[PDB]
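Coming up is one lone chain in C-alpha coordinates, specifically the form deposited in one PDB entry.
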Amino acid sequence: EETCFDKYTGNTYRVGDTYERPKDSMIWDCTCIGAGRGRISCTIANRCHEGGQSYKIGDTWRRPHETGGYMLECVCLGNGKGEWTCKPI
(Lines give C-alpha, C1' and ligand atoms only; values in the text may rest on other atoms or scores of the structure.)
Protein backbone atom coordinates (compact mmCIF):
# COMPACT_ATOMS: atom_id res chain seq x y z
CA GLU A 1 0.00 0.00 0.00
CA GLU A 2 3.19 2.08 0.19
CA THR A 3 4.27 2.49 -3.45
CA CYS A 4 6.96 3.84 -5.72
CA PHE A 5 6.64 5.44 -9.10
CA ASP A 6 9.35 5.02 -11.73
CA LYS A 7 9.14 7.64 -14.47
CA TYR A 8 11.51 5.73 -16.76
CA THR A 9 9.39 2.59 -16.84
CA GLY A 10 6.24 4.70 -16.16
CA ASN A 11 5.11 2.04 -13.64
CA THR A 12 3.97 2.15 -10.04
CA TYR A 13 5.42 -0.45 -7.66
CA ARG A 14 4.85 -2.00 -4.27
CA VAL A 15 7.54 -1.89 -1.50
CA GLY A 16 9.74 -4.92 -2.15
CA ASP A 17 9.12 -5.10 -5.93
CA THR A 18 12.22 -5.46 -8.05
CA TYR A 19 12.39 -4.65 -11.75
CA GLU A 20 14.63 -3.54 -14.62
CA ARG A 21 14.93 0.09 -15.60
CA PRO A 22 16.33 1.03 -18.94
CA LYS A 23 18.36 4.20 -18.46
CA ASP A 24 21.51 5.73 -19.93
CA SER A 25 21.82 2.91 -22.48
CA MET A 26 22.03 0.38 -19.60
CA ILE A 27 19.67 -1.89 -17.72
CA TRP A 28 19.43 -1.17 -14.00
CA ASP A 29 18.23 -3.42 -11.27
CA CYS A 30 15.77 -1.44 -9.24
CA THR A 31 14.10 -2.08 -5.92
CA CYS A 32 11.09 -0.22 -4.60
CA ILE A 33 12.21 0.71 -1.03
CA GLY A 34 9.49 3.20 -0.07
CA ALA A 35 10.84 4.50 3.27
CA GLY A 36 8.10 7.13 3.56
CA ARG A 37 9.23 8.80 0.32
CA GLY A 38 8.56 6.39 -2.55
CA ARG A 39 12.33 5.68 -2.51
CA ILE A 40 13.74 3.66 -5.36
CA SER A 41 17.20 2.10 -5.27
CA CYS A 42 18.72 1.10 -8.63
CA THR A 43 22.09 -0.44 -9.40
CA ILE A 44 24.27 -1.51 -12.34
CA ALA A 45 26.81 -3.03 -9.83
CA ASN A 46 25.67 -6.56 -10.62
CA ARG A 47 25.95 -6.19 -14.34
CA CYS A 48 28.39 -5.50 -17.10
CA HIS A 49 27.65 -3.40 -20.12
CA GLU A 50 29.66 -4.03 -23.25
CA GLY A 51 29.09 -3.83 -27.00
CA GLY A 52 25.58 -2.51 -26.68
CA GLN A 53 24.54 -5.42 -24.36
CA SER A 54 23.77 -5.72 -20.63
CA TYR A 55 25.10 -8.86 -18.95
CA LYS A 56 24.58 -10.19 -15.43
CA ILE A 57 27.51 -11.26 -13.20
CA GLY A 58 28.23 -14.93 -14.13
CA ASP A 59 27.18 -14.55 -17.75
CA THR A 60 29.58 -16.03 -20.25
CA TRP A 61 29.75 -15.71 -24.02
CA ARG A 62 32.13 -16.53 -26.80
CA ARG A 63 33.21 -14.50 -29.79
CA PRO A 64 36.12 -14.28 -32.16
CA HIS A 65 38.83 -11.74 -31.47
CA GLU A 66 38.01 -8.91 -33.83
CA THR A 67 41.52 -8.74 -35.38
CA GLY A 68 43.14 -12.14 -34.63
CA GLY A 69 40.11 -14.20 -35.58
CA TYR A 70 40.67 -16.71 -32.76
CA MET A 71 37.96 -17.64 -30.30
CA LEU A 72 37.45 -15.73 -27.00
CA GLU A 73 35.53 -16.73 -23.90
CA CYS A 74 34.13 -13.70 -22.13
CA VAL A 75 32.80 -13.51 -18.61
CA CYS A 76 31.02 -10.82 -16.67
CA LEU A 77 32.83 -10.76 -13.32
CA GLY A 78 31.28 -7.53 -12.20
CA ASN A 79 33.14 -6.81 -8.94
CA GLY A 80 31.14 -3.65 -8.38
CA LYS A 81 32.62 -2.08 -11.54
CA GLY A 82 31.21 -3.87 -14.61
CA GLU A 83 34.37 -5.94 -14.85
CA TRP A 84 34.50 -8.34 -17.85
CA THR A 85 37.35 -10.39 -19.32
CA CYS A 86 37.68 -12.17 -22.63
CA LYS A 87 40.23 -14.97 -22.71
CA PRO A 88 41.47 -16.85 -25.77
CA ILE A 89 40.25 -20.47 -25.55
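All residue numbers refer to positions in the sequence shown, first residue = 1.
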Could you check which stretch, 80-88 or 4-12, carries the larger mean CA temperature factor in the entry?
4-12
Residue stretch of maximal mean CA temperature factor, 22-30 vs 35-43:
35-43
By the record's CA B-factor, is residue 64 among the lowest, middle or highest third of residues in the chain?
lowest
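The form deposited in another entry is left out here; the points below concern that form.
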Comparing the chain between the shown form and the other one, one rigid part rotates relative to the other; which of 31, 59, 23, 44 lies at the hinge?
44
Working note: in the other form the C-alpha atoms of residue 53 and residue 44, off by 3 Å or more, come farther
Since the CA distance of residue 8 and residue 81 differs by 3 Å or more in the other form, is it closer or farther than in the form displayed?
closer
